[PDB]
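Every residue, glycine among them, receives a Cβ derived from its backbone with ideal geometry; neighbour counts consider all protein chains shown. Throughout, read-outs are computed from the coordinates displayed, never taken from laboratory work.
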Amino acid sequence: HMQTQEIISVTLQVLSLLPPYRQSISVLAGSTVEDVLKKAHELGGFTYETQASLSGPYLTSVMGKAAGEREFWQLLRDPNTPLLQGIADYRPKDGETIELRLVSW
């Protein structure tokens, strides 16, 4: 009995930093954003940190830049669409661009 999975490509981008980060990342369909970040780190040149919360992990640092007071790393889908899901819940689609943006409130 055969079994199959699709390999998709997700573009990960961070424009809140100089220099900006932008890379195409290959993962299996069904991977979460957190799986994309893990693969980006394995490829080299991407780092991040997460912390636990009652609703799952969330980003506290991206490419060495920690969110400060009244700031957080926001997850968006290109062009400018906030995703109201955590990194461990959102499952990107083939060809999607995922952006991490440091925002203050």
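In the chain, excluding the sites themselves, the longest stretch lacking any of the trypsin sites (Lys or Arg not before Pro) that are in a DSSP loop with at most 13 other Cβ atoms within 10 Å is 1-69.
Between the stretch 63-103 and the stretch 12-57, the alpha-carbon centres lie 9 Å apart. Placing dummy labels 7 Å off each Cα toward the beta-carbon, the span from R70 to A88 is 2.9 nm. Angle check, please: helix 33-42 long axis (alpha carbons) against the longest principal axis of the chain (alpha carbons), in degrees 0 to 90, nearest 10. Helix 33-42 sits at roughly 90 degrees to that axis.
Take the chain, mark every one of the GluC sites (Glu not before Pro) that falls in a DSSP loop and has at most 14 other Cβ within 10 Å, then report the longest stretch left between them, sites excluded. In the chain, the maximal stretch lacking such sites is 7-68.
Using C-alpha pairs under 8 Å with a sequence gap of at least 6, the mean separation divided by the residue count of the chain gives a relative contact order of 32 percent.
In this structure, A52 and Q23 have a Cβ-Cβ separation that, at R0 = 25 Å, corresponds to a calculated FRET efficiency of about 0.40. Sparse packing (at most 14 other Cβ atoms within 10 Å of the Cβ) combined with a DSSP loop state is found for none of the chymotrypsin sites (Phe, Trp or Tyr not before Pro) in the stretch 36-84.
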